[PDB]
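Presented below, as structure tokens, is a lone chain in the form deposited in one PDB entry.
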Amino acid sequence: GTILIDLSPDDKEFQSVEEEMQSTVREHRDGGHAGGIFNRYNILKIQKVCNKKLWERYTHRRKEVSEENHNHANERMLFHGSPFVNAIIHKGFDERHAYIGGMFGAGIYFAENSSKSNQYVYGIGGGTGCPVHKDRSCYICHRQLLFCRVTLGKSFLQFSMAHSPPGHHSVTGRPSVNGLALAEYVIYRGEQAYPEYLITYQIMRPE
């Protein structure tokens, strides 16, 4: 039931999604090992992901969480990078999309920094890089990220499928060492995220 609608680059919605993608690149402590070396992206396409059944699954859960949290869903727009992006946009998020070994347990991980999600496009640790050249810093191959609507509800703050900590709907990984890193978030129910935008891009080689 999923259809993908291309956004025009002239569209304010394209421009705002692109700006969030570009403006949340940072340097990574691995020197680029997992995600490659770059300061910005070449955005090739931004598509709106439209699926009525998946949207209603999301809004149903969102209302549940809101009602458990003084009418506050605590909804964010966050990045997700994954080898399973095609399954996700067709079938929705589920336990198969969880990062089993993540530092906050087996859940589905989201980033404020697009460059954090970029590290997972080719797998954990960047896997073996792009399928064509086996290059985690490939500047040729097209990558995809999701920009997702995520319900956090009451989030457990960790200074840094399983179940959420009791009394909570998600976990927040607050960086405590790298002062430039933005937060990361984990949900333990696939129904708490909707993959709203599919972004196709290249990383760009610094000049």
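Shifts are known only where both forms have a C-alpha. The numbering used is simple: start at 1 and walk along the sequence shown. Basically, rigid core = biggest C-alpha set you can superpose within 1.5 Å across the two forms.
Just so it is clear, the following notes concern the form deposited in another entry, a form of the same protein that is not shown.
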query	finding
Flagged residue of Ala34, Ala181, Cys148, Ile46 - C-alpha shift reaching 2 Å or more between the shown form and the other one, core superposed	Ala181
CA-CA separation of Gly179 and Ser82, closer or farther in the other entry than in the form shown [shift of 3 angstroms or more]	closer
Distance trend in the other entry - C-alpha atoms of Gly179 and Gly173, change of 3 Å or more	closer
Core-referenced shifts between the shown form and the other one - contiguous stretches of at least three, CA at least 2 Å	96 to 100, 176 to 182
